[PDB]
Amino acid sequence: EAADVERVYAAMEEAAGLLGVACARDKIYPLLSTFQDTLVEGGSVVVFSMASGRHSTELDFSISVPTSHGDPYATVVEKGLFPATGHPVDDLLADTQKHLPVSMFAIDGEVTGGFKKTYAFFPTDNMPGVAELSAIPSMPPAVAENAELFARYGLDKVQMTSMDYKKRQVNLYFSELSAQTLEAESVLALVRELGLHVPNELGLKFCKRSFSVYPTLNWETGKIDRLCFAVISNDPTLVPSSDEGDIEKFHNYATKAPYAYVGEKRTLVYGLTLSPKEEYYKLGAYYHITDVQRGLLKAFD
């Protein structure tokens, strides 16, 4: 429906406007049109995310895509929206759906850059482990090379994976995390092994509240690029930052970002990302939600 495309895009501009970011329609409209059938409210998920520091001048969007519509990356490449990297990443999404059960897909882009990634959701009652994932031919070798470490910290079940075709990186979204894993002692030990920024008390408190944790890996080396802790909540003041600027900006976004599910509070997903020399903050304000998010809020918020 051409109507849904316009509705979604307008909302995207609205979310971007709050951050002072302009949307490149030539890069966005073509993509929304291609997946116009998924933009229908009901069982669709759409998120508009902001980030601090370096990525403060950008705005990302995530749109769920049912598997019934077919491999999303095969679609964008075939439609000439994105060029094949020529690397294993081009086959990872196809191989994943070829080796494991995928319950849903998702496309991810940036308002000025365009399409950049896809997601592969697995059945909650049948999520793969690190072993099954590392077996995928096109999966980064780093996944297998970090299997022991993951097990040592209770990172086993993965609710989904994402592929960034531009940076050639893979995220593993671990789920069903144990309290032990999120303990301050466990978190510090983990970050130290990965050589990442050491979170302070505020950061540690956020980690403990996390419902999901995801490391980013690459095909070049076996070193994890970064690790992100995600918290889902209806609370608009959870940004784990001591910066007056972040406190104000994230709160503004969390209370004004567009959303269609009027009748309920805005679903928000905050992220604390730790990189080798620093940490930055993220916040996804959901424009479309489903029972999945509703269930997560009841369980972790």
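All residue numbers are counted from 1 along the displayed sequence.
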property: 63-71 versus 269-277 - greater average Cα B-factor per the deposited record; result: 63-71
property: 89-97 or 225-233, whichever carries the higher mean Cα B-factor; result: 89-97
property: Which of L190, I136, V213, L81 ranks first by CA B-factor in the deposited coordinates; result: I136
property: Relative C-alpha B-factor of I247, binned into the chain's lowest, middle or highest third; result: middle
property: For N146, the third of its chain into which the C-alpha B factor falls; result: middle
property: CA B-factor ranking of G17, expressed as a third of its chain; result: middle
property: Modelled-residue ranking by C-alpha temperature factor, third containing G195; result: middle
property: Position of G203 among the chain's modelled residues by C-alpha B-factor, lowest, middle or highest third; result: lowest
